[PDB]
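Asks: Here we go, the starting part of the complex in its complex frame:
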Amino acid sequence: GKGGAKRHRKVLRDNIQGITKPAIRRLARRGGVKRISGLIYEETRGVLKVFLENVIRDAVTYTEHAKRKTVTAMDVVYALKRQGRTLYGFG
Amino acid sequence: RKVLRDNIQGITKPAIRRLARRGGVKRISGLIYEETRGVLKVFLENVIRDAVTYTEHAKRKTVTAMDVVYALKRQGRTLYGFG
Amino acid sequence: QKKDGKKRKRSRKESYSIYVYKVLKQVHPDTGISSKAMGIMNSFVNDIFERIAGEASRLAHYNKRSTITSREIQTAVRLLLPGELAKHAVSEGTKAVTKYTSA
Amino acid sequence: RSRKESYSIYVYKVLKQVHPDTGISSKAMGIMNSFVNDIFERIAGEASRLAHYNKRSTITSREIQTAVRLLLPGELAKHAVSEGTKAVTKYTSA
Amino acid sequence: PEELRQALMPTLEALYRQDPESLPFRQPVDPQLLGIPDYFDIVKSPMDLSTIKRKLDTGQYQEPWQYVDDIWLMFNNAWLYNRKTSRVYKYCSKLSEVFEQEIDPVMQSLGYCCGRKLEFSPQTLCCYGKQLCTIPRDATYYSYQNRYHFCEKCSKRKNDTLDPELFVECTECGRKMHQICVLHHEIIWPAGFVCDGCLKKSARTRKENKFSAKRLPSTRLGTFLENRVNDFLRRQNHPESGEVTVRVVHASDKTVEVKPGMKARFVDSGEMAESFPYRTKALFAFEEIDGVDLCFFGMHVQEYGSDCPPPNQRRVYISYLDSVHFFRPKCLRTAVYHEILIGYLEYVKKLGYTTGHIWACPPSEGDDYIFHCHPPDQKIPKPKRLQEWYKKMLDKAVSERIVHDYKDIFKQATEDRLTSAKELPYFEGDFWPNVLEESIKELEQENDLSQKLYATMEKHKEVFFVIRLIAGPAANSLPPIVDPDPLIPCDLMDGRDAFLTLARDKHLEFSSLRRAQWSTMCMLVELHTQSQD
Amino acid sequence: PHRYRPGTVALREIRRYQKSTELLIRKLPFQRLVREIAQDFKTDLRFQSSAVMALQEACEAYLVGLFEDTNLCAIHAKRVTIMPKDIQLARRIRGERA
Amino acid sequence: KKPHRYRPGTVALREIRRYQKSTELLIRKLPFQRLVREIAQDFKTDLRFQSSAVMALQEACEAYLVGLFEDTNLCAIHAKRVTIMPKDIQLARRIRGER
């Protein structure tokens, strides 16, 4: 099979840091934030992390309820609307 | 029936002070009370109308506790103890 | 012989798109909508339908009413939509029902 | 007069099971009745939405169980699921 | 030996200068270094480009075909050991494209025809126990003695193989040419094969081919069709237009028998004849491209004359027609096809035939009517496009006042005040007899037959075309139909099965211009040999 | 004359009103205000006493939560005294205003 | 010789305007997809994901972040500041009631 070039990309464990510094900077700029402290980013990361089990778990609870193995956009739509954060365009 | 008016002043300054004390507030500025009163008015304007919109729908002429509690529930302020 | 059976697996789904586009022609004949735009419009109309139907069903349940009529729906329009929007929606519904009755 | 049903004797029996020497006041009783009614309504509505989303016209134990998992947080959900599973097992065992 | 070195240095140097694609082949494949210990298990001939250079330098190669075989063996090894998703496979594909571009002028400079490695399509075998089924391709099959084959439902292997092309050695210079590339046949030239270079060196020319389409026996229908096509081409005056020869190469009298269902329902009641006689004719269209005859169009027809009992009387039916898209010019090609069909529609109405029937059924994917192995780039027409093509041909025929009108079979049945299934024509191999048998069976499980016939008639009205050649009272006082063309006994075209079987067995493909020319030449030789008994 | 330092009586009230649960808004003025609001919304309305109590406790609880949020914003601004901008900020973050 | 250098804030305000005038996604697809996959496998292993589901989750998370960041900026400004600190986001989540 050969290959010639292959990178391990050991990022799976620390994928919360996968959210790049410029990504959070851009998100804050969209939020109208002019100056950002150094302690915001990782903190927001945790906030991001929290939101995941706020939504996707419910979607997972949806996926198990439908006897499916694939998470669908409709599961995500009900997961978000059940949190009071209804999303349009993915119906 | 008499057209009541200027009843927002019935929420006395000591009453708002007591509400703040229950809310854990230690110090009150002079402009707080009136401001809170306005907010309170808005809150009433948020609920009573809905209850009235309920009362009008039931062909009733009195506001019941069920209308109030259900309007609070539809406003995301569910209240217990009143049915 | 047999042809164009498509393995009897023609997936179909209902949508308000073609109706909403017609409404577009009533308000902006020379304006179009993207696929994302029509998807968001369908999601919005479905959300409004669900909210208004839930409010009407709850209101019918409150008065021990087993039939849904336009009265509790217009009451729910007053409850949920803001002032001018609710008033205009109520007027449109009243005119539509009046014209339907006389039709 | 029209009968107004409530969970009176059931909540009182639960109190006696958990606290034989502790009573409840009338206002607290009304709060508990409102709480149980609200939980019933929330779980039933969530189950109805679950059935509608999966094109199911029948509400079984699985739908309301999934609704309880969605609504009840963590340990409360786990204990409710275990107790309800035991209850339905005894119900179907007779 | 330095001559072939001087010839082949640019070809391999162009391969080397492709970076970074050609890097993995610079050195012998090292399994332990590359972490692939299974390389020897699958690949039986490990060697690389450096070994190729050493063999090209140390006096190992006697003639360039060995070098071509070595580089193509490298290509096959890289393709077989690596998945096409892998980097090495796509690098090998790019280098193969480069070599295919480079080697041809160099190989031709050495007096060879070409330097391509050419293999035939996989040869689908046939069953022997059932005598009716065949061996599926890319599927589990059983074989014995390399002569007997069996299917999975009738040595266990899967049929995925490629048959290379044969080679012919020149009698004078000893060089090896592709048989297809030079179009050499032993029967035509028993004296032996001589390459073009040797012939031009001594100012000689190849002996005239006596096994040609033009030298085939002449017939009135074929002569008329070829005259019409030649007149049309002369009128058009296209620079790429050539000479088209049309020969009727098969004509035999057969009979179609009523199937058991209709035999019980109507024949046993004395309302139908038990069988219908007809004359089946097979003809092919040939054109001279680059001085070589090439077959580009053929069709099979069934003709029921005035002696045939009704309702089949004086009716022609097109059972099968096929064509190959190598005609020059392309733009007139389709028109030329029309210039054939209309001519046939004329010839029959000169004989006395009044009705023509066409079944517009496009071939299924992987299926060929007459010409085996259609070119991959030749698109199969869709049913709607085929129907529009037939409608255009019929309109062109009408514009010449040869055809009065044409209709769908449903409208024709409605106009013909049809009241029973007995009034439809009965053709051999036609869809309608089979669907009528199926309707009879369905009635067996359950004017009902007429109702089902009408339902099927309306369902498939756009597929069947009924053409009126002679209409009105002129169709009621015609003389008996006499065919001036004598019978042509040829079992090789008794149906479309024999020609397809022969092409599959002898690898007579029509997938390329050279391959189609070779197939046409082989067909002509076979016909000329079968004529003499 | 004995006098307490500022904040001592306020904190005593903090425990006093965080320990007990009786209503702190006078019944009659709030009922009159509710009547005024109803009259402004619809003429000739009547009110049940339980509805009045439900409205009163709902407004009291909402104001208690708002005061807690306002105080949290006040210390967030390194202050001990709440000002109307704190209430505006709390309502804006809650989404009730914008 | 004195290379051109914008003062702190000019580029900040420029990118403020640029990212408030645009709607493109700001989180890179692959890392967020990996994070969602591992969070899902924390609850149920061997799960599969639709592309539309991932896009919907990304849009929802970015919308929640932009709203929360607006709240944090407002809270920081309330304290006579222009730079947000974790206390601002903690206050914003407390007022929203998430914590």
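Replies: All right, it came through fine. Numbering: from 1, shown residues only, chains lettered A, B, ... in the order given.
Asks: Now residue E:261: which helix or strand?
Replies: helix E:260-262 (DSSP states H and E).
Asks: Check which residues of that helix are buried.
Replies: E:261, E:262 (16 or more other C-beta atoms under 10 Å in any protein chain shown). C-betas here are computed from N, CA, C, even on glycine.
Asks: packing partners for that helix?
Replies: For helix E:260-262, the elements it packs on are helix E:431-445, judged by 3 or more C-beta pairs under 8 Å, 6 or more residues apart in numbering or on different chains; DSSP states H and E.
Asks: do that again at 6 Å, thanks
Replies: When contacts are defined as 3 or more C-beta pairs under 6 Å, 6 or more residues apart in numbering or on different chains; DSSP states H and E, helix E:260-262 packs onto no helix or strand at all.
Asks: tell me what the helix or strand following that helix is packed against?
Replies: Sequence-wise, the next helix or strand downstream of helix E:260-262 (DSSP H and E) is strand E:275-289. Packed against strand E:275-289 by the contact rule (3+ C-beta pairs under 6 Å, 6+ apart) you find strand E:244-257, strand E:292-304.
Asks: would you list these in TSV and tack on mean neighbour count and distance to residue E:390?
Replies: Written out in TSV, the entries for the helices and strands packed on strand E:275-289 read as follows (neighbours: other C-beta atoms under 10 Å in any protein chain shown; distance: least, C-beta to C-beta, whole Å):
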stretch	mean neighbour count	distance to residue E:390
strand E:244-257	19	20
strand E:292-304	23	13
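Asks: mind adding chain H? sequence follows:
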Amino acid sequence: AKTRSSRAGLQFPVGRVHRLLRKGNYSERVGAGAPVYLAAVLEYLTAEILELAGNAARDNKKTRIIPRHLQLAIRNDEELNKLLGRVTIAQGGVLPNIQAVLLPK
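Replies: Below is chain H, added to the chains above:
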């Protein structure tokens, strides 16, 4: 003869709304004018929202409505913003808004 939407002068299908109300388990009985009233309300909402979206598009020199135009239409209308205060728009972005203190000088 005439569709219920045509009889009521409506664009959305009254029959489909009636069927969804029947299948939505909202009530055991469904009135005749209920789907008509609901369809009229929905038509008014879509008419106003697409009108505002077209206004935003023509202000943005655009002739095709995109999610950005829908977001501008809903957010610049405080009534629509209150209606959709708990709704986020896919690919809609946010309104251009810079704080006073963050502004220079």
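Asks: returning to that earlier point: need the contact partners of the helix holding residue E:261.
Replies: Contact partners of helix E:260-262, identified using C-beta atoms under 6 Å, 6 or more residues apart in numbering or on different chains, comprise E:437, E:440.
Asks: Please repeat the previous calculation with a cut-off of 8 Å.
Replies: E:272, E:421, E:433, E:436, E:437, E:440, E:441 (C-beta atoms under 8 Å, 6 or more residues apart in numbering or on different chains).
Asks: Show me which of those residues are buried.
Replies: By neighbour count, with 16+ other C-beta under 10 Å, the contacts of helix E:260-262 hold E:272, E:421, E:433, E:436, E:440 as buried.
Asks: before we move on, the earlier item: distance from the helix holding residue E:261 to the middle of the chain?
Replies: Taking C-alpha atoms, centre = their mean, to the nearest Å, one finds helix E:260-262 lying 35 Å from the centre of the chain it belongs to.
Asks: Confirm that residue F:5 sits in a helix.
Replies: No. Note on residue F:5: no helix contains this position according to DSSP: H, G, I helix; E, B strand; the rest coil, which reports coil.
Asks: Further, place chain I onto the existing structure:
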Amino acid sequence: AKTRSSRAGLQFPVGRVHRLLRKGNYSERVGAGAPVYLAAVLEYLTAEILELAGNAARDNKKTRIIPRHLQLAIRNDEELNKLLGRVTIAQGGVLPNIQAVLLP
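Replies: Adding chain I to what we have so far:
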């Protein structure tokens, strides 16, 4: 002569829950075990909050549960507080909570 509530060994009325589910128009059909499961969940929750309210009352030297005891129980449990984060308890007051900055 065995009641469906006692058949599963529950105190809450299974029949009443089933009848309310039917009257609630949540679905055209309701399963047999759904009222049993719902009654079990409701009775478990009732036991949990009642036990916590009794403990709070005992902490206050009270043997009668009052609305204040219910508020103390509901707000002192993290999961229960999350369950009723948008619910106001009648006559319950608020938890005694003073932050250090206001303290001397």
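Asks: back to the buried residues of helix E:260-262, now that we've got chain I?
Replies: Within helix E:260-262, the residues scored as buried using 16+ other C-beta under 10 Å are E:261, E:262.
Asks: so how far is residue B:13 from the spatially most central residue of chain F?
Replies: The centre of chain F sits closest to residue F:63, judged by C-alpha atoms, centre = their mean, with a distance of 3.3 Å. Noted for residue F:63: a distance of 14 Å to residue B:13, by C-beta to C-beta, to the nearest Å.
Asks: contacting residues around residue E:493?
Replies: Going by C-beta under 8 Å, 6+ apart, residue E:493 touches E:249, E:250, E:282, E:300, E:499.
Asks: redo that, cut-off 6 Å
Replies: When the contact criterion is C-beta under 6 Å, 6+ apart, the partners of residue E:493 are E:250, E:282, E:499.
Asks: For the second one, which non-adjacent residue is spatially closest?
Replies: Just to be clear, that refers to residue E:282. Once its chain neighbours are removed from consideration, residue E:282 has its nearest residue in residue E:250; the separation is 3.8 Å (C-beta to C-beta, 6 or more residues apart in numbering or on different chains).
Asks: Against chain D, how distant is the one you found?
Replies: Using C-beta to the nearest C-beta, to the nearest Å, one gets 62 Å for the distance from residue E:250 to chain D.
Asks: All good on my end, thank you.
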